[PDB]
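# Structure at a glance
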Amino acid sequence: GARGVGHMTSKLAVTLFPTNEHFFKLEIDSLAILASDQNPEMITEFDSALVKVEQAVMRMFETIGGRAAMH
Amino acid sequence: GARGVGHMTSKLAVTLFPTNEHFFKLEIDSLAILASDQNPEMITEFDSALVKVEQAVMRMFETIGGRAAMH
Amino acid sequence: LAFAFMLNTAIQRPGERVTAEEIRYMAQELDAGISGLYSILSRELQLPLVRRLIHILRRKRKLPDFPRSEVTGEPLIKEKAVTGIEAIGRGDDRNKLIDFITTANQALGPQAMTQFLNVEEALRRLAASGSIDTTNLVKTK
Amino acid sequence: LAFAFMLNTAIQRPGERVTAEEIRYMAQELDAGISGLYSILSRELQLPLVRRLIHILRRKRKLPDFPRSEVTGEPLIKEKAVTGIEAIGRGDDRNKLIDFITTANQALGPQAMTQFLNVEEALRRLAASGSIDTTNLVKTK
């Protein structure tokens, strides 16, 4: 029982919150892009803003030590 | 008991405080960079200063012989 | 019990060699065995946590407010939760895109670079992708 | 008991050979089996120790004070903890970055060198990364 609990908890923690890849993705609503007749040229700047926000959120999350609490 | 205690202690000490990789990361808050509207050109110099501070902290730690006390 | 709790010990079969493809097969079995738990946890924990995190971040005034839809009012940017094989193989998705590009280049050759599949120009933007800024090397336009 | 104390004899199975992938699998199991302990130790010992060390270093006046947030007052730089597979595979993170760069280069070629992923220009700054100063060979701008 103890070994099973430890192994399952460890693998669940390492899978649900991978250390390398982002565990969440902020996606620009292409539906809104079509609805507002947005120019596809700005999507590069929008993607840059989105990735900056994504890394900022991940850094702030890791600051408060969420891994141990999640485990 | 003796073999297990020794083996676990050595493995935990080696893993928790790796000799080659840095065991901690002084990471600049790009959240504050966004908040202050910081110029992305200074990030290179900030990273350089941070890496110097990191290695300074590690050398100071190694000077006082923290490995044996940790073990 | 060992098979149920998804340990690695019951996987190994005494007597004879096991191929890498076989091991991948039973690893697929193990990842499949707790799919319901990964799904419910992804629905319950990952998403409200990130929403609360982003709300706190915005209230701190550390990042300006998200644009809202004119027609509906919903934020123009939403969220998604990645679990398990999806997280393992986001790199595989990247590899699939790059392999499609490479296969097209092999099929068409030097003459490829004309009118279907873009050669994707690597100096500027992917330096700004995954953070970091452009320029430095980049002889600006 | 040997399985519980994560010794090395338990993995060895008399009777036949064991593949390298099998050994990696059992090593993953062994690293997993103590996850709670590495987590609690990282949250308890590492962070306060490094904070006390940086405070004593600052008080000794060997380094000027950290800049503080104008909005919140929090220090502009925080501290992390790296344990286990993360420490083993920070090199794997670097390998993944370089492999992404190389796969992009293979897919696009020398015509890649223009406008997405930086050629990353190795003489000056990564020389200053991991200590060491710039210049020397560098024909300065």
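Residues numbered from 1 in each chain as written, not as in the entry; some residues may be left out. Chains lettered and ligands numbered in written order. Part of a larger assembly, values for the part shown. Heavy atoms only, no water.

For chain C, the name recorded in the PDB entry is Portal protein(gp 16) of the cyanophage P-SCSP1u, with Prochlorococcus phage P-SCSP1u as its organism. What the PDB entry is called, per its title line, is "Portal-tail complex structure of the Cyanophage P-SCSP1u".

The name the PDB entry gives chain A is Portal protein(gp 16) of the cyanophage P-SCSP1u, with Prochlorococcus phage P-SCSP1u as the organism.

### Let's talk about the environment of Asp31(C)
Residues and elements named next belong to chain C. Rules: Under the DSSP-based scheme used, a helix requires at least four consecutive residues in state H or I and a strand at least two consecutive residues in state E, with every element numbered from the N terminus. Residues count as neighbours in contact if any of their non-hydrogen atoms are within 4.5 Å of one another.
Turning to its location among the elements, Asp31 is positioned in helix α2 (residues 20-32). Between the C-alpha atoms of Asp31 and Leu63, which are 32 residues apart in sequence, the distance is 38 Å. Discounting residues that sit within four places of it in the chain, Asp31 has contacts with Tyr38, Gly84 and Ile85.

### A few points about the interface of chain A and chain D
Convention followed: Here's the idea: put two parts together, see how much 1.4 Å probe accessible area each one loses, and the total over both is what we call buried area. What makes a salt bridge here is a side-chain nitrogen of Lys or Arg within 4 Å of a carboxyl oxygen of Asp or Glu, nothing more. Here a polar contact is recorded for every N or O atom pair within 3.5 Å, except that within protein the pair must consist of a potential hydrogen donor and a potential acceptor, and residues adjacent in sequence are included only if both atoms are side-chain atoms. Throughout this entry, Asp, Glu, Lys and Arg are counted as charged residues, while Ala, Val, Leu, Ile, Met, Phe, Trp, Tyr, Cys and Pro are counted as nonpolar. The remaining residues, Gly among them, count as polar.
Contacts between the two partners involve 11 residues from chain A, matched on the other side by 12 residues from chain D. For the pair chain A and chain D, the summed buried surface comes to about 1,100 Å²; carbon and sulfur atoms form 53% of the total. Our count for the chain A to chain D interface comes out at 1 salt bridge. In this structure, the salt-bridge partner of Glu29(D) is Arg3(A), at a minimum N-O distance of 3.9 Å. Taken together, chain A and chain D are joined by 3 residue pairs in polar contact. Looking at the side of chain A that touches chain D, the elements that each hand over two or more residues are α1 (2-16) and α3 (43-63) of chain A. Broken down by element, the residue count for the side of chain A that touches chain D peaks at 4 residues, all from α1(A). By residue class, the composition of the side of chain A that touches chain D is 1 nonpolar, 7 polar and 3 charged.

### Considering a nonpolar patch on the surface
Selection criterion: Patch membership requires over 30% relative accessible area and the absence of a salt bridge. Like charges are linked within 9 Å, and nonpolar side chains (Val, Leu, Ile, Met, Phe, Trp, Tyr) within 5 Å. Each accessible area value is a Shrake-Rupley result obtained with a 1.4 Å probe; residue values ignore everything except the protein chains displayed when judging cover.
Judged by side-chain polarity, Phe100(C), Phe116(C) and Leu117(C) come together as a nonpolar surface patch covering roughly 400 Å² of accessible area. Relative to the helices and strands, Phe116(C) resides in the loop between α5 (90-108) and α6 (125-128).

### Some thoughts on unusual backbone geometry
All names here are of chain C. As a reminder, the rule being used: Relative accessibility thresholds used throughout: buried, under 20% of the residue-type maximum; exposed, over 50%; partly exposed, between the two (1.4 Å probe, protein chains only).
For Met6, which is not a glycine, the phi torsion comes out positive at approximately 65°. In this structure, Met6 sits in the loop between α1 (2-5) and α2. The phi dihedral of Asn136 is positive, around 65°, even though this residue is not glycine. On the secondary structure map, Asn136 appears in the segment after α6. Here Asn136 falls in the exposed class, since its relative accessible area comes to 55%.

### Observations regarding the pattern of salt bridges
Close approach of charged atoms lets side chains of opposite charge pair. Within the structure shown, the criterion is met by 13 salt bridges over all chains. Residue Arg67(A) is joined to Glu62(A) by a salt bridge in which the shortest nitrogen-to-oxygen separation is 3.1 Å. Here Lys96(C) makes a salt bridge to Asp92(C), at a shortest N to O gap of 3.2 Å. Highlighted residues: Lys96(C) and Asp92(C), both in helix α5, separated by 4 residues, approximately one helical turn. On the basis of relative accessibility, which here comes to 47%, the residue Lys96(C) falls in the partly exposed class.

### A few points about the interface of chain C and chain D
Residue-level contacts link 31 residues of chain C with 28 residues of chain D. Each partner contributes to the roughly 3,100 Å² buried at the junction of chain C and chain D, and carbon and sulfur atoms together form 56% of this total. Looking at the side of chain C facing chain D, the largest losses of area belong to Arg94(C), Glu121(C) and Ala122(C), adding up to 19% of the total buried there. Our count for the chain C to chain D interface comes out at 1 salt bridge. For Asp99(D), the salt bridge goes to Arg94(C), with nearest N and O atoms at 3.7 Å. Taken together, the links from chain C to chain D amount to 19 residue pairs in polar contact. Counting only elements with at least two residues in the side of chain C that touches chain D, the list comes to α2, α5 and α6 of chain C. When residues in the side of chain C that touches chain D are grouped by element, the largest group, 5 residues, is from α5(C). Grouping the amino acids of the side of chain C that touches chain D by side-chain chemistry returns 15 nonpolar, 8 polar and 8 charged.

### Re the relation of the copies chain C and chain D
We apply this condition: We superpose the copies by least squares, fitting on C-alpha atoms.
Take chain C, turn it by 30°, move it 0.3 Å along the axis, and it overlays chain D with an RMSD of 0.3 Å. An asymmetric contact is evident, with only 19% of the interface residues of chain C recurring at the interface of chain D.

### Quick look at the packing of aromatic side chains
Residues and elements named next belong to chain B. We apply this condition: Two rings from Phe, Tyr or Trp (for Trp, the six-membered ring) form a pair when their centres are within 6.5 Å of each other. A pair whose planes differ by under 30 degrees is stacked, one over 60 is edge-to-face, and the rest are tilted.
A full pass over the atoms with the stated rule returns 8 aromatic pairs over all chains. Aromatic pair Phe17 and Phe61: ring centres 6.3 Å apart, planes at 40°, arrangement tilted. You can see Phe17 sitting in the loop between α1 (2-16) and β1 (26-28) and its partner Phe61 sitting in helix α3 (residues 43-63), a full 44 residues away along the chain. Classification of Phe17 by relative accessible area gives buried; the value is 8%. Exposure remark for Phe61: the relative accessible area of 5% places this residue in the buried category.

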